[PDB]
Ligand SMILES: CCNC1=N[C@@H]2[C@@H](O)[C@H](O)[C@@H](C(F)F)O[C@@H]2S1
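One chain comes next, on its own, written out as structure tokens in the form solved without the named molecule.
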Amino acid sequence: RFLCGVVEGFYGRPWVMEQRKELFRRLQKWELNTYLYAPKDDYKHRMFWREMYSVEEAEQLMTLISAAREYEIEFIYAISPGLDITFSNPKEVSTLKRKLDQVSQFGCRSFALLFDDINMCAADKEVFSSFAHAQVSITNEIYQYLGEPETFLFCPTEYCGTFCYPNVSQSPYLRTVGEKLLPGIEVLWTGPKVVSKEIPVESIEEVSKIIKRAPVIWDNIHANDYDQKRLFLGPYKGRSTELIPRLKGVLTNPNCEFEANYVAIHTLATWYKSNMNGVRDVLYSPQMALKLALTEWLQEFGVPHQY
């Protein structure tokens, strides 16, 4: 029912396979259940999405998906074709079909299409009455091609309140997304702003009305890729436990530095467990969640681990 876990979606150096396996172990341990593969600087995911994997790459992706399954974790493989795809080109759709087919042969079942941080090209202006339509048409063709996978995610260009033109409720793009996009495909949402201070319960009910469904949060609360001098070791804060019966999931995009995400993922698990069975803060305090996380963290520091 609920997709709660981590999204490796930051700009910067992507985590190694050793760290990813370790993350799945922590996720299972803390009763979390999902992982979204979205590293912006892994060329095969974004910049060079058309590029197929090599024998070696295929082998580790196979080990990682195997590891993911072993720890009862949902591995969601994402691709960001948005920076240069020709939506109307049948070769571009065939490339996305071949690339996601190779990944399904690795053990992947759950996929995602991301269309964030991306003017239309003449050829697509003929064929498509808008961007929202072009993205939805390609997303729906892939979802059906992939045999309607249970877990399929869609990230809109307008993914936070601030990005909606003119506003959230009146946005023609979100209207189009909610209307024309298949009901079996999930929509990602990062709240009022990219890095939302708070995520009001009124804020997401307003979105659920235009996208005609409950969204999955892509939380950038612990994200630190936007500033070299900043690190976030604080607790999960600003998102009420009342939000859980109103969402299909929460996936936190945390700090680039893997080992600094202990509290980030710890407090989130405490938050998800404090109200996993609800009605469509009373149950959780970040102050108390922070103390519990640092207490568990502290012991780890004393355990010898060599670089």
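Throughout, we count residues from 1 along the sequence that is shown.
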| query | finding |
| --- | --- |
| Entries skipping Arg246: at least a third of other ones | no |
| Cross-entry absence of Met276, a third or more of other PDB entries | no |
| Gap size, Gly234 back to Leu233 (deposited sequence, no coordinates) | none |
| Stretch with the greater mean C-alpha B-factor as recorded in the entry, comparing 10 to 18 against 285 to 293 | 285 to 293 |
| Residue range whose averaged C-alpha B-factor is higher in the record, 202 to 210 or 186 to 194 | 202 to 210 |
| Which of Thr151, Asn89, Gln105, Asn220 ranks first by CA B-factor in the deposited coordinates | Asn89 |
| Largest Cα B-factor, entry values, listed residues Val93, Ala132, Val127, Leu114 | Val93 |
| Chain third (lowest, middle, highest) by recorded CA B-factor, residue given as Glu259 | middle |
| Within-chain third of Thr139 by Cα B-factor, per the entry | middle |
| Third of the chain, ranked by Cα B-factor, where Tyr165 sits | highest |
| Cα B factor band for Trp49 (lowest, middle or highest third within the chain) | lowest |
| Relative C-alpha B-factor of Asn224, binned into the chain's lowest, middle or highest third | lowest |
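Keep in mind that the form solved in complex with the named molecule is not shown, yet the notes after this line are about it.
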| property | result |
| --- | --- |
| Contact segment among 70 to 78, 175 to 183, 218 to 226, 137 to 145, judged by heavy atoms lying within 4.5 Å of the named molecule in the deposited bound form | 218 to 226 |
| In the deposited bound form, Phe10 touching the named molecule (heavy atom, 4.5 Å) | yes |
| is_contact(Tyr236, the named molecule) in the deposited bound form, heavy atom dist at most 4.5 Å | no |
| The named molecule contact at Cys155 in the deposited bound form, heavy atom, 4.5 Å | yes |
| Partner contact for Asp101 in the deposited bound form: the named molecule, 4.5 angstroms, heavy atom | no |
| In the deposited bound form, the residue from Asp84, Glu205, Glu198, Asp117 that sits within 4.5 Å of the named molecule by heavy atoms | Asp117 |
| Option touching the named molecule, based on a heavy atom within 4.5 Å in the deposited bound form, out of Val93, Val194, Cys108, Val168 | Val194 |
